[PDB]
Amino acid sequence: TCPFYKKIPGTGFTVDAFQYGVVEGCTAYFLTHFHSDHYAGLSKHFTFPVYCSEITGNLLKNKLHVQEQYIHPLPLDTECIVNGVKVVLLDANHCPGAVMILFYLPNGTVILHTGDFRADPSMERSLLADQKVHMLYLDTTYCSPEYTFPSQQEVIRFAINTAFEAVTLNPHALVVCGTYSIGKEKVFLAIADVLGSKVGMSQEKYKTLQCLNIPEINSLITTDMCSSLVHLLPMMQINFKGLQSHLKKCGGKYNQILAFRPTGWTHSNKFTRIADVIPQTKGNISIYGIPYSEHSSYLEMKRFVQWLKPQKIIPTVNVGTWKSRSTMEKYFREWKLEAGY
Ligand code: NI
């Protein structure tokens, strides 16, 4: 049964709740972004409205094959009416097409649902700047002060430099990047751009990227592997046995892979900086981990919530145990007491 934190009070609206069957009372199903935990359940056989971003729309039509009529895309940053409820979609700074949703209730309550987000000061000069928000449904993925990680721009700097070094030292080395969903496209695109290449990938990954309205994308990617010295692979495949295997297939065209695993937080964030990163090495293959996050750090989250001063906070992540629930509330109280709301 759909949990209470996936429902919006005083509406027939639900948020990312596609995996329970029909939810009695729901007139409309919002989808925040195209990631399989959030969309789990959709198919070609859905005949209720889905509201989402244009980009999420394209992925629903082209990857899951939902029928064009039931996909209602909405522009961002635009006051829109949806069954006589004002809603706005805002960029969530997560993966491509990912949104937060502002709900303006009939009664006068205003609710913000973040979806998955990486909180940023640019959001403090958006449409949220204009009015009071009473309820916040919050992405709590990293709600604990251990969770620090660098800025995305720091990581992209590191990556660009590493790859450009090696390729210039050894012109027969291949760059590889791991992936399993949308998001983190800037990693492979920034690398490929510094190296004067297109990114090569499988047919299904090419199809996925062609839905994202990336500008000039036809110049940036290809399905021709031979012609490309930055390749993408399944994240499962990014290891020695799988990279060896793949290094065979290229047929004596490269003598060294230099791979990147963009990951989230790992425990090596607690003791090591980004400028002082190393890879594992089994011969001619060297695998970098790089903590490129598309979720709020503890401090970024803190700052956003303390600016917003919401009257009530409802967590959407790590709610499955009482210990996590209890721990999170403690931080919510400290924030509110420090800030005086
Ligand atoms: Ni996500």
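Just so you know, ligand 1 is whichever comes first in the structure, and atom 1 is the first atom listed for that ligand. Basis for what follows: all heavy atoms, side chains included, without hydrogens, waters or symmetry-related copies. Along the sequence shown, the residues carry numbers beginning at 1.
One finds an angle of 100° at the Ni ion (ligand 1) between ND1 on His35 and NE2 on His94, to the nearest 10 degrees.
Side chains of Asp16 and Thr32: a donor-acceptor N/O pair is present below 3.5 angstrom, by distance only. With no hydrogens or angles considered, no side-chain donor-acceptor pair links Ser151 and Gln153 at under 3.5 Å. Using modelled atom types, one finds no donor on one side chain facing an acceptor on the other under 3.5 Å when comparing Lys207 with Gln203.
In terms of distance to the Ni ion (ligand 1), the nearest N, O or S atom of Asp116 is named OD2.
Counting backbone and side-chain atoms alike, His33 contributes an N/O/S atom closer than 2.8 Å to the Ni ion (ligand 1). Not a single N, O or S atom of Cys95, from either the backbone or the side chain, sits less than 2.8 Å from the Ni ion (ligand 1).
Looking at every heavy atom in both residues, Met301 comes nearest to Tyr142 through CE-C, 3.8 Å.
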